[PDB]
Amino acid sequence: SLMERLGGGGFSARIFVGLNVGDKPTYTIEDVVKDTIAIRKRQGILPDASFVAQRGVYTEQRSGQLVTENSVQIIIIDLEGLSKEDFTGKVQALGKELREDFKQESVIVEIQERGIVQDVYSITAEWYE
């Protein structure tokens, strides 16, 4: 076998997507897998990724209620050697669309370069209050 060293700037990302809508369990990990594939295909990017099922604990921003849900940790290693701006923008757009598609108040996105965190973002719904 060949020991192919990955090129590029070593970008990766983690996205956390919950599966409750409010306090109601609603979605499944496979829903997130399929939606992520669909989004990334429309970006023209290699969709390859890992999806980890989790239990998540989250404090709702508006009410302060503490909720426990199933959630998904999406792990993306850039295998295409994208620029920082290209990779970051495509991951941010994916996170923003996942938030909409799953009716989420927040989606958390973490961008890394050689494992060093460049940015952690909370993508937050602007539902009118």
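One-based numbering along the sequence shown.
Legend: mean Cα B-factor per stretch from the PDB entry, 31 to 39 versus 55 to 63; the higher mean is in 55 to 63.
Here 104 to 112 and 6 to 14 are compared by their mean Cα B-factor, and 6 to 14 comes out higher.
Going by the entry's values, 83 shows the largest Cα B-factor out of 73, 92, 83, 70. When all modelled residues of the chain are sorted by CA temperature factor, residue 49 is found within the lowest third. Per-chain ranking of the deposited C-alpha B factor places residue 79 in the highest third.
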